[PDB]
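Take a look at the structure set out below.
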Ligand SMILES: CN[C@@H]1CCc2c(ccc(O)c2O)[C@H]1O
């Protein structure tokens with residue numbers, strides 16, 4: 001009879017109301033993906049931000065969710081993360097001399113190239129973190145590992161006068177850090193059509209203000225996305 | 001033969017307005033990918049422009065060409081009310097679209113929660129309700145009629161039907177319809193331009209190794225140069241001026257009408273809209 | 001290691017001529033063609049959806 | 001060492017070449033073409049929040065299951081378009097879903113590496129864990145056994161009550177992306193990123209045959225209704241139909257226009273029509289015997305992710321990243 005149809009309609013209405021509530025709850029949550037090598041220091045960034053691994057943290061009453069897929073040389077699940085606001089990329093800038101066999105930093109640059117020139121994620125910005133700044137400073141000041149020996153581009157590289165360095169009190173460490181950042185920026189600029197941007201941040205394990213950096217940067221990402229959607233940028 | 005040649009312009013304007021608005025309405029209606037929060041406002045604006053282009057443009061053109069109004073007095077009042085309602089709704093929808101854009105850009109994190117489908121429907125219903133009030137209530141109740149002998153004679157005559165209004169109603173209609181939305185649009189677009197300039201400066205600083213100005217300029221120009229002269233002549237001839245000839249007033253009103261053939265194609269320039277238009281035709 | 005044994009096991013298997021299997025597939029498609037509403041659309045009365 | 005492997009490869013290649021007498025094109029060239037086919041969206045469900053990945057028609061030709069990145073596994077009645085059940089998932093990502101032939105159980109799993117199983121008579125009756133990599137596909141052999149394909153390049157045969165891997169089908173290079181079951185529960189095949197589709201026996205647990213025709217990753221596999229053949233979609237534009245008895249390839253379905261890959265492949269009830277999803281917004285059909293495309297299907301807003309043909313053959317349902325299942329007939 002029609003009693004079964006009426007019961008099914010009532011159940012459908014209840015499920016639709018629950019789905020509307022879930023949509024309201026979920027549309028305000030922003031998804032972030034944490035990507036990096038095992039020795040990069042993603043655990044340190046996760047600990048700093050919190051204070052598959054699912055993490056809830058909110059800034060200014062805005063809920064962000066962070067994912068950590070964690071060998072997987074052929075990344076086939078990278079197409080699953082297509083609705084995330086930004087992808088957090090963590091690389092140890094002090095790992096230029098250490099090589100496993102091809103420097104680890106060069107392998108991270110190749111991974112960044114693969115992520116950037118990905119067909120499935122072409123509107124997904126990348127938040128770049130360079131951990132182990134203190135270790136990089138110690139390595140550069142010591143001079144045991146010549147930066148030009150592993151990266152030949154350092155021989156002709158000059159420090160950027162446009163960017164004011166932090167008070168590191170050493171021109172050499174600033175030059176090395178800015179060269180490492182400029183490598184990623186040069187990879188990002190080649191395919192940059194304005195849809196997605198790469199934001200380099202120099203961070204340290206002692207530093208804990210990375211959460212505000214992520215919040216502000218995600219705000220800028222959404223603002224740029226809206227501006228390009230309305231064709232004002 | 002001048003009117004015969006002139007009549008072609010009005011026919012072309014009406015055809016263009018109807019075709020553009022129908023195409024836009026079909027574009028949003030047919031494809032579910034186009035439906036969105038702001039596309040509801042866009043389709044409301046398209047509906048208002050279509051209504052005005054269908055109703056008041058042909059009737060006004062016929063009145064101008066024949067130099068007389070064949071239909072009845074009640075139908076003339078209905079035509080005037082429809083004209084006011086459509087103009088007010090169109091400009092208010094422009095203002096609402098500008099406010100939505102400003103809220104989406106300046107406050108992106110809260111933008112998803114601030115406006116939803118229910119919120120957009122409520123806003124559209126409120127806009128149409130206030131437009132319908134401001135149009136019909138002062139007209140159908142004869143609150144806009146003037147005490148001058150010329151206005152009384154014009155109302156008494158069955159054939160001739162021109163627009164005669166009080167200073168108070170003209171001022172109120174102007175401020176409700178155009179002036180307040182003009183202020184709101186200018187403010188929100190100035191804020192949006194400031195945000196865009198800040199973002200461009202930040203991007204230049206970060207990756208040193210415009211378009212926003214052009215878009216805001218074309219939007220503000222096609223709104224202002226189309227409506228502002230008419231809505232300043234409104235107050236001018238309402239308040240202590242007789243130099244405003246009827247021809248100038250009608251010409252500026254028809255420029256305002258022509259704005260309805262310009263709003264769609266500038267508000268549907270997105271690549272998705274172009275793809276939908278290509279698929280439809 | 002075990003890959004050599006796996007390939008050796010895979011090598012020794014009975015096979016039939018491709019023509020025979022092709023004819024079998026064609027015969028199956030011809031025989032079961034009638035009992036398929038996808039090839040021949042169902043009448044609106046018979047169609048459960050419409 | 002590798003000399004024995006090379007000799008075996010040469011022997012199998014020679015055997016396959018010898019067994020290839022006449023291509024199926026030569027035999028089929030004297031058949032009547034299917035002709036143009038018109039497919040219309042009988043019903044649009046449109047109840048999902050985010051992009052959906054997989055769907056599975058129930059044993060009855062009505063009920064549906066579709067899983068989306070929103071984390072909700074929703075059961076749909078195709079005829080009435082009403083939502084029967086909505087089962088939230090503990091894992092935010094679900095890469096696959098399944099419907100048991102009895103209809104009592106529904107299983108889904110994703111990047112959590114756990115094949116969650118829900119009881120419909122919606123609580124988690126059992127959660128199966130033990131896969132190193134992300135899950136990719138799950139199918140029900142019966143009411144008590146399920147085969148899951150994981151990113152650890154291994155597929156396993158599970159027991160619901162026992163909760164442990166009864167048999168592990170190790171010995172595959174790339175990560176398996178899809179699997180299909182024979183009309184009987186005896187045989188099932190899987191395709192991985194190693195450009196190889198291998199046939200497996202559930203009882204013995206050894207790969208009987210290995211087909212490596214493709215040059216790219218396989219993303220979708222379905223059986224011919226006979227059970228003697230199966231077609232594999234791929235990242236390469238070509239979709240190929242293999243043959244278990246002939247041990248070799250039979251056809252490739254390639255067109256000049258299509259530069260995209262394949263996401264879902266499914267046959268018709270009679271086996272004459274091969275339905276293949278695409279990375280392009282629209283799906284394509286293929287005459288399984290003539291290799292000539294019959295008619296392009298209406299596209300979604302985004303890329304399609306799953307194809308399912310009813311057991312009765314009445315309708316086919318396609319789900320894209322636009323969170324829409326459009327029932328076609
Ligand atoms: C047909 N002429 C009308 C008369 C006055 C008027 C117009 C438009 C908008 C308004 O707010 C008005 O008060 C004109 O289109």
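Residue positions begin at 1 at the first shown residue.
Method on record in the header is electron microscopy, 3.6 Å.
Every residue, even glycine, has its Cβ placed from backbone N, Cα and C.
Going by Swiss-Prot, these are the annotated features:
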REPEAT    D:40-88  repeat 'WD 1'
REPEAT    D:130-170  repeat 'WD 3'
REPEAT    D:171-212  repeat 'WD 4'
REPEAT    D:213-256  repeat 'WD 5'
MOD_RES   D:255  phosphohistidine
REPEAT    D:257-298  repeat 'WD 6'
REPEAT    D:299-329  repeat 'WD 7'
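With DSSP classes pooled into helix, strand and coil, the tally for the repeat 'WD 7' (D:299-329) is 0 helix, 15 strand, 16 coil.
A break of 5 residues separates residue D:121 from residue D:122 in the model, and their Cα atoms lie 7 Å apart. With DSSP states grouped into helix (H, G, I), strand (E, B) and coil, the repeat 'WD 6' (D:257-298) comes out at 0 helix, 16 strand, 26 coil. Outside the repeat 'WD 4' (D:171-212), and at least 6 residues removed from its termini, the chain residues within Cβ reach (under 8 Å) are 133, 136-137, 139, 141-142, 145, 147, 149-155, 157, 218-223, 225, 227, 230, 232-234, 242, 244, 247-249. Look at the residue listed as 'phosphohistidine': DSSP puts it in coil. The helix, strand and coil residue counts that DSSP assigns across the repeat 'WD 3' (D:130-170) are 0 helix, 22 strand, 19 coil. Same-chain neighbours of the repeat 'WD 6' (D:257-298): 24-25, 28, 31, 33-41, 216, 219-226, 231-237, 239, 241, 251, 304-313, 316, 318, 320, 326, 328, counting only residues six or more beyond its ends whose CB sits under 8 Å from a CB of the stretch. Residue counts for the repeat 'WD 4' (D:171-212) under DSSP (helix as H, G, I; strand as E, B; rest coil) come to 0 helix, 22 strand, 20 coil.
Applying DSSP to the repeat 'WD 1' (D:40-88) sorts its residues as follows: 0 helix, 26 strand, 23 coil.
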